[PDB]
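Coordinate inspection notes
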Amino acid sequence: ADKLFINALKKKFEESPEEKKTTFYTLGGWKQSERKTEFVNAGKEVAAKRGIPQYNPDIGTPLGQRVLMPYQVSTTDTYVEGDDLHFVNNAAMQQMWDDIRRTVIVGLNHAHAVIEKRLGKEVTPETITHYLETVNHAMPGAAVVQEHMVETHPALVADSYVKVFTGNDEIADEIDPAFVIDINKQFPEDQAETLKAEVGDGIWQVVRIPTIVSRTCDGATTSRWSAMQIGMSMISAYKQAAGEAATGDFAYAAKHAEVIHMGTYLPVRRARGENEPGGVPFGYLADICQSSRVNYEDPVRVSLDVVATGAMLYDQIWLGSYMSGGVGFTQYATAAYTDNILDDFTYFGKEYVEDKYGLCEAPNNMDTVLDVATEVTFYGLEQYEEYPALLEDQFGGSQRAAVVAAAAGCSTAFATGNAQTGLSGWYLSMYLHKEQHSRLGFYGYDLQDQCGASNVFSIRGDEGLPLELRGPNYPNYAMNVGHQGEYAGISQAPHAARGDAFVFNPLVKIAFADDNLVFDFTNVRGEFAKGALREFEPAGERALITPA
Amino acid sequence: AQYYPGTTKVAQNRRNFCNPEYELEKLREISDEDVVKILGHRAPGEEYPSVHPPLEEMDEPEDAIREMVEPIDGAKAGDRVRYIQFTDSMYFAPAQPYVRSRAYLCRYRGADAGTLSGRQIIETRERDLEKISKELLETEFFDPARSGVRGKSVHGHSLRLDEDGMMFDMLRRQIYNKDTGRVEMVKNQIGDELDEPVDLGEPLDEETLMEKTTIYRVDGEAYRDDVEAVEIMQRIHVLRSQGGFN
Amino acid sequence: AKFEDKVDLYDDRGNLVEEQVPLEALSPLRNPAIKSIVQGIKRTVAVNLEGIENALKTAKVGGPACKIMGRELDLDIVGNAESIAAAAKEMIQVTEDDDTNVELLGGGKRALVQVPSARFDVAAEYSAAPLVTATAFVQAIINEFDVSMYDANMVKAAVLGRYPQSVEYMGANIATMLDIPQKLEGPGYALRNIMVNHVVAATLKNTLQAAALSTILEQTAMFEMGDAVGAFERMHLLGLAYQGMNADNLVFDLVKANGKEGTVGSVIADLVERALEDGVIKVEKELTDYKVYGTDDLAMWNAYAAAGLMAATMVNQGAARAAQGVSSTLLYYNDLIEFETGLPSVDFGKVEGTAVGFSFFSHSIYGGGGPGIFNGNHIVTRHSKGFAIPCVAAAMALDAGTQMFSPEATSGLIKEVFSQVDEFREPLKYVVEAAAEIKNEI
Amino acid sequence: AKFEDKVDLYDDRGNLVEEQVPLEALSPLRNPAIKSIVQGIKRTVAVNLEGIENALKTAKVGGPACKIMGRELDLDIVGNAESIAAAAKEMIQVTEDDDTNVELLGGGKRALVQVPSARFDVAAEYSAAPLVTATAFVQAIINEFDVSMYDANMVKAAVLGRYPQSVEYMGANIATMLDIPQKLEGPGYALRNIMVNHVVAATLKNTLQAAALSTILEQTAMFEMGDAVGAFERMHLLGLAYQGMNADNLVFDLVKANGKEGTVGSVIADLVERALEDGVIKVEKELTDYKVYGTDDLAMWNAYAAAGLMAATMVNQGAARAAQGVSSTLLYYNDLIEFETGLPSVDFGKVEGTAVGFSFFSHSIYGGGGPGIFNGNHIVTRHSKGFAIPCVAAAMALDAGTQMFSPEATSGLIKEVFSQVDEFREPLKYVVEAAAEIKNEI
Ligand code: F43
Ligand SMILES: C[C@@H](OP(=O)(O)O)[C@H](NC(=O)CCCCCCS)C(=O)O
Ligand SMILES: C[C@@H](OP(=O)(O)O)[C@H](NC(=O)CCCCCCS)C(=O)O
Ligand SMILES: O=S(=O)(O)CCS
Ligand SMILES: [Mg+2]
Ligand SMILES: [Mg+2]
Ligand SMILES: [Mg+2]
Ligand SMILES: [Mg+2]
Ligand SMILES: [Mg+2]
Ligand SMILES: [Zn+2]
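Residues numbered from 1 in each chain as written, not as in the entry; some residues may be left out. Chains lettered and ligands numbered in written order. Part of a larger assembly, values for the part shown. Heavy atoms only, no water. Residues with missing side-chain atoms left out of burial classes, pairs and counts.

For this coordinate set, the PDB header names X-ray crystallography as the determination method and states a resolution of 1.30 Å.

Pasting the structure below:
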């Protein structure tokens, strides 16, 4: 069948994708683009209303001396200009991050122990349901004990709620099913049995605070807001004194002893509290993405859905705004989720490994890394050489480096069933690419790349970590675009090839298996395309409280 | 010195750019004035601006390292550090980004070289930069169709050539003339119009590009068939991997 | 000596050990036993070899509920504890037969490790203890079993957790009484970020030894913070001696007098009487049926009032055998004594303010928890400069089982290793013996 | 001795000082001069008495552009410096004949303070230096002028800034080479958070001495981090000796041979020839007109390549007298040497990778700055384990005035005070003397 990027390349350019020559300078600059024309008109309108110049297409250099391309969102049939994939212009991308930032997982294990042992009251499915009715009134910001409380408007905070899950089916089925993430409904049988075995008789809350609060405030608000309203609801539902010594054990349990943040806090140069993107380890990002429970027949699809999740969050929002800003890093990330390019390379490598070894049947060693990563690197690079339209599409070397090395590292991990050798294959890919074309990425692209080989298997204090546990705060990774979302894909790759239900935390995997989320984590690239088309409906808006 | 493994023309060309004993082929003559104009840092007859006073005016303490290391002439004078930056087409330009930084640090003294996919730069003291720049412009480091002198707006290394065989340039600093076949530099490297254009000679024909290129490609010499060069890359990978462990 | 004061030193049974020892013999800057306790707490690490082995066999590494399917390694680390420990000790030590200690406990399930003090005299801080310990155990595990390059990173994760993606050693199977330098509320706070339950576990819930260890650590931090420099130094030393060291047997004797039937208020009445008997306070003015007391020695009044405050905690929380009310004792001993006398309460109101927030954050939804999880670096309990936390330590030592987050719950690894060390366990014995030994050199 | 290696040690003029010194005599764990340097940098504070006086007179306290109208206090601090310094010293010292130093400079406008070592042996970390110094000078200034209770908090703000509202001493008029413990990227990093410009200023831009001080601090941090424990120890000691201590005169002799007309590439050719001549590498395999080199001692190959890298920086940035190209030298020295030889570059690629990001963050819009503002704790330059930042120090020592953020701009207070201290200013001298002294104890 044609390579998977050919339809996109025929949509973008009039020439055939193999054609080496074109014409430039004849498209009228920005005037060729619907979106730039919208921007030029909006800038005139903004500047005139506010009395300060703003967007002006004649500032600096004239965009569109070449074709300003559409991009196909991979796995979709939606083609949009890249400005529609900028996170500022894409409400689905903003809501994806809000839905992670505003979530926290909070055990009821220590809490129920405090109730039984310290207050001397019984817990059963019935008392749990009554506590859940109470906390779903209180969590969005409404009162249960005091007189003369003033409360949040329920429609502004409609996205905030609490659900629970447990690995004990008979206990799950006794709690009111309005509040339950049903593992058996959400996961195919084998993954459901794995997840339930991990959870056991433990009972956990998934708490989502309001998007309007998360946007007002920060990620470190989430576990606090969660615990306040858990605390009020434990007072009201189990009939405590409203503020006695035992109250503080529910606070410590919900805020510290049985909380699981999405992200850990950051060191001072990049100071941030919990539940910010830099704290989210790669294994958690693969677990947040829900492609694993829907597309499990196709480990390439699962892995590259995780790459899309991560390239957007880690390069566009985190590195391209929290850690920099401006125009930012849209196409550094779009290279990994558009035009079916990474998909073409990664299916090639998956089939190569199937034919030579069998998925997960290769020895977990450097021989396998050298064989698979080299073969897949050369395939990817040959496509840019055979198709000048493909090279002009992924015009920055960093974009190519990330795409070729993601396909090489995911394919190596499909062979070995182990993410560490996948990561060695990523670095070998960069070294071969650099020598093949006498270039790689931007000035600073390969800081982690050159430290890379030596730190894959190191065991030293700030060097040695399995890839699943690394994240944007692993020292070598803390700065640069074109790596973090691809590493989350490599962390997913061996687990999707093995059919594992999760990559690093089963509670995080379950916690996003929930259609009450605003963003649909089962189809990240589909949602990105919906947002690009201005068809996604986010939470958090102030329309109800502002002039009509 | 050996410089680079491999048995292709690409490999030998990578070694020749690094080797200061290899005489770079001169392809074109450019006047001193025109190198100055293309750099764009100062006007013809303008004295070299200074960033600090001449070394002899500074009366420094005894330092055995400084006493052993001879300063380049622009450092003795206190010249500004300025730059020259080139973009090389992936369609078989003779030099390429890492080839340039590796070569510059073997050939040139007092050099700050930077490599990127779409641009490669050297920064050094201004009067010394003008002497190196003549060599980068006059020799087979440069082709006037497939290489561009560009301080900003560098896009084009990865683009399709136009119908004349010229790399894309958002700011059209180098113009091929359809009737004559020569390229002229019509703007300096930052994109400002030159009073008079600089002739940069004829684009190298396809055969000569293939003789002189340092990029590996499936339609030229493929890197994967230069098995000795791949062996050394793989060796480096494996030795760094084992050494980081134990 | 800079100061003229002398104190009489007693043992933990209330028996005299040494008379008329100069106050500065108890100073953290002079007493060699306080130096060896602080250096020991810098350098001591608890290694949970059974936890490492279990994390490896299950691939449960990197923090709560985390697991990597397919990464399990089944290594017989506890069965080979002696060899692993010896190989780690050879990397930990600087020279053979220096002060490095590596001792197995619980049939090889745990190791007490004391990294050589010389590594700290060439270090900025104290992180060499967990870092040098973790790497020596990671390498000795890998070398014991010939763990491959491909798998060794799981040994690392099972030892030290998610570091460096997380700032802390999240999920580590090693433990220290100190916590990482980034978590200090201010420079100089490291000896304050020691959980009260750790102090009570290491002293085996001996009430006077838990109070002494906590006061040592708190008042030693007040030197490192600069608070006990210059004008304030004597106030801090007299607090150490009278509230933490049982100087003059004053905490002991107030507890003896009030333990059978006493309250916080009966202890206040006894301490005001004893301060007037000893000339620490005097009647300054008579109002209508009320005497206004004054003092010519605010540091000494503070110290007597601090001894009373400790005795009142031991009476009130000892009577309940329930630690929670320590927050109330710390508040109302100070509030009551100010309206009883007209003189300022302990730490000039800062114990009372610490107690207001501590009471709130141990009885509310907003944060905190039970007494045992506080420490001098906790935002709720940092505000008094050493005079509050040791009372919390005494109250948790007296708690007979009312807490969920007890020292048995939070501090079991710490207990098994740190209580081995005689000077951490019974620091009142060793600090008093060292003060008597140096008495004529101060 | 754990290691059999011996090295010859030279002074900064290339003359032999001592032959055949055991490697561990240079270890931070054994060498007494490295101990005195590290305890010195923990305990030494620069006090800007003029800056305190000016901040008070204008009420400009609390950080850039901040001022409190109506709070101005005009105190003759510099004219009474001798008295103020003596009173601060009495509070700083532990005893009258200890190693506290308080010395006025600049006619009383500045003071060098060295807080007594013993305060640190009973401290967790190093913040007692600024905190004990700050309060002793705040108290001494208050007591010199009898500043009232209502005004004294302005003296505190002028000395220590906006702390504790800010985490740092924001607006302080004291300075140290270390920075606060909360700013460490990881535990064990404090000796790495020392600006390159502070090292170059303390050593008066003597290139070899700047490279030595930087190396001593970086490799001593490697011990505190646990990196130099076990398998890696010899690699770190040999890097210290050859890259920072000019062992065997290797750096010196490379620079001598390449200084007149040399490049990074000529220094590589000479180092490869010297490694071959010394037996550190040998030809393993012949490819087509290409010799593949091997080694049976990767730590020694790494060290020789590290000495070459320092020489290449001296040649390259010495010829330009401009530091910026150190990021390029650190990159392409390592990239060229691997394709020249078939062996891994310094620190197995981690100098090269540090240099890629350092080059980017010294020539782009995103962060970083000029070479002198980096340090081993900086996110851009932390990745190599001691083998990159000393080259940056050498390059800034050789810079003739191309930097806006030069040591004169960022480190003038540091320079005046810390270059007074002989062991900080000329550490190559003292560490080599101490190594020769303990030669027979290893
Ligand atoms: C000024 C810099 C230096 C710097 O610190 N950042 C710049 C510019 C910055 C700006 C450019 C916005 C603008 O035009 O005003 C932004 C968008 C960051 C921001 N401030 O919002 C950016 N780069 Ni850059 N930058 C990019 C890239 C690149 C590629 C472009 C090569 C080419 O041939 O076109 C090269 C590096 C390389 O050669 O590998 C590059 C250089 C550069 N990058 C050169 C300018 C190059 C030029 O003069 O043309 N970027 C890329 O390779 C692709 C992604 C792209 C980013 C925007 C997006 O992700 O959508 C953008 C990311
Ligand atoms: C004490 C501390 O909580 P922890 O004991 O760390 O759980 C802290 N909260 C607070 O200070 C709550 C302040 C606002 C609520 C009470 C206002 S009176 C915090 O979350 O960091
Ligand atoms: C280096 C550091 O900047 P400073 O040197 O501290 O100014 C850091 N920025 C970054 O890492 C930029 C990362 C994203 C922009 C570059 C992506 S390649 C930060 O702001 O904390
Ligand atoms: O040109 S740079 O590599 O510095 C920045 C790329 S976005
Ligand atoms: Mg083949
Ligand atoms: Mg839906
Ligand atoms: Mg000429
Ligand atoms: Mg008696
Ligand atoms: Mg031969
Ligand atoms: Zn926000």
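Digging into the domain arrangement of chain C
Residue and element names in this part refer to chain C. By domain assignment, chain C separates into domain 1 (1-43 + 191-442) and domain 2 (44-190). If you average the C-alpha positions of domain 1 and of domain 2, the two centres end up 34 Å apart. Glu 185 is the partner of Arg 382 in a salt bridge, and the nearest nitrogen-oxygen pair spans 2.8 Å. Run the count over domain 1 and domain 2 and you get 13 residue pairs in polar contact. Counting only elements with at least two residues in the side of domain 1 that touches domain 2, the list comes to α1 (32-43), α7 (196-202), α8 (207-224) and α17 (412-418). Looking at the side of domain 1 that touches domain 2, its residues break down into 13 nonpolar, seven polar and seven charged. (Domains from an automatic or database assignment. Salt bridge = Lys/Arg side-chain N within 4 Å of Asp/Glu carboxyl O. Polar contact = N/O pair within 3.5 Å; in protein donor to acceptor, adjacent residues only side chain to side chain. Helix = DSSP H or I, 4+ residues; strand = E, 2+ residues; numbered from the N terminus. Nonpolar A, V, L, I, M, F, W, Y, C, P; charged D, E, K, R; others polar.)

A short note on the site of ligand 1
In the vicinity of ligand 1 lie 24 residues, with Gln331(A), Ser117(B), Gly118(B), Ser153(B) and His155(B) positioned nearest. Each of chains A, B and D places residues near ligand 1. Between ligand 1 and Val327(A), the relevant distance is 2.9 Å, taken from an oxygen atom to a main-chain nitrogen or oxygen of the residue. At 3.3 Å, a backbone N or O of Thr330(A) approaches an oxygen atom of ligand 1. Each residue belonging to the shell around ligand 1 can be placed in one class, and the counts come to nine nonpolar, 13 polar and two charged. (Near = heavy atom within 4 Å.)

Details of the pairing of strand β5 (residues 110-114) of chain D
Residues and elements named next belong to chain D. The buried fraction of β5 amounts to five of the five residues, a majority that puts the element mostly inside the structure. Where burial is concerned, the two faces of β5 agree: the one with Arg 110, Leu 112 and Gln 114 and the one with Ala 111 and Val 113 are both buried. Two elements, strand β3 (residues 44-48) and β5, share five bridges in a ladder whose sense is antiparallel. Across the sheet, residue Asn 48 finds its bridge partner in β5, namely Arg 110. The pairing of strand β4 (residues 101-105) with β5 spans five bridges and is antiparallel. (Buried < 20%, exposed > 50% of the residue type's maximum accessible area, 1.4 Å probe, protein only. Pairing = 2+ DSSP bridges.)

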